[PDB]
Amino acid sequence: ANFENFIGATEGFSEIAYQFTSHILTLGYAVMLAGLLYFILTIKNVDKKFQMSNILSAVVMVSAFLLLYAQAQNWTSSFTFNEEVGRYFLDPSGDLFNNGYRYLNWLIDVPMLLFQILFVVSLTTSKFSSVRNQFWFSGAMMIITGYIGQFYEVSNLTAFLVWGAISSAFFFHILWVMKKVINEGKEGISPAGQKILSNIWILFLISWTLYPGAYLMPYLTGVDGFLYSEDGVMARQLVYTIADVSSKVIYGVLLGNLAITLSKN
């Protein structure tokens, strides 16, 4: 299956790496529940015309709470302690760790997080339907090809890499279109909102880049190095959780602040 199930079957997990990974992944879904309440409760502070952005954030929160909770359980319930070795090992009598929950979550969120900025910023010379359709197409393909390449994570490394680069192509298309969007979005609005739009752009850039970083993390120290272990698994799930909080929660808080700033007129 995956690099996680490999380590779980071929070397096992120190209680620290196991309990750490369960804790960070719990942090993950708990934060999505906190954000859900935040977006619902704040929806009154923004004019009707921006509220659709809050709505989309609330929906993203629901789909990340539900799927990142499924994955938390999947990770905990997939390994059992061995008293002889004192380490956690993949259980043959379980579901086995399965990261489809995460890709299913990305496939849902991606249209919604890309669509929502289009409800707070106005374009200048670009058409709303062109940006939208371009976001949705390459957002879906980025994920689908990323899911395919992930089927070869442990087995064929070279396929894992060439698919990753395919999925990166679509990612770079999205970063291109988002940059145009942020440029046209800057025209006209106050300097304060231009400041927030620039913050949104940097956070969008880093936070989305963390995801390919966590996809390559075990092989980053070579095909036999330090991260090729329970420590790369630890780091991979830590980066993911950081990327989840930033691109899903923090992103929508920033768009909310912008919308309020745009109601000063």
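Start at 1 and count along the sequence shown; that's the residue number. Think of the rigid core as the biggest set of C-alphas that the two forms share within 1.5 Å after superposition.
**Student:** Any chance you could tell me whether 127-135 or 85-93 drifts more in 6 other deposited structures of this protein, judged by RMS CA distance from this form after superposing on the core?
**Tutor:** The more displaced stretch in 6 other deposited structures of this protein turns out to be 85-93.
**Student:** Do the Cα atoms of 238-246 or those of 5-13 sit farther, on average, from the shown form in 6 other deposited structures of this protein after fitting on the core?
**Tutor:** It is 5-13 that deviates more in 6 other deposited structures of this protein.
**Student:** Which is higher on mean Cα B factor in this entry, 139-147 or 73-81?
**Tutor:** In the deposited entry, the stretch with the higher C-alpha B-factor mean is 73-81.
**Student:** Determine, for stretches 179-187 and 90-98, which one has the higher mean CA B-factor as deposited.
**Tutor:** Per the PDB entry, the higher value belongs to 90-98.
**Student:** I'd like to know which of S155, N105, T124, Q134 has the highest C-alpha temperature factor in the PDB entry.
**Tutor:** The record points to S155.
**Student:** Compare the CA B factors listed in the entry for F171, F128, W163, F115 and report the winner.
**Tutor:** It is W163.
**Student:** Please say which third, lowest, middle or highest, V245 falls into when its CA temperature factor is compared across its chain.
**Tutor:** Its C-alpha B-factor belongs to the lowest third of this chain's values.
**Student:** Where does the C-alpha B-factor of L258 rank in its chain, lowest, middle or highest third?
**Tutor:** Answer is lowest: the recorded C-alpha B-factor places it there.
**Student:** Taking the C-alpha B-factors as the PDB entry records them, is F50 in the lowest, middle or highest third of its chain?
**Tutor:** Tercile = lowest for this residue's CA B-factor.
**Student:** Taking the values exactly as deposited, rank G213 by C-alpha B-factor within its chain and report the matching third: lowest, middle or highest.
**Tutor:** Its C-alpha B-factor, which the entry lists for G213, ranks in the middle third among residues of this chain.
**Student:** Hey, what third does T26 fall into on Cα B-factor, ranked over its chain?
**Tutor:** Its C-alpha B-factor belongs to the middle third of this chain's values.
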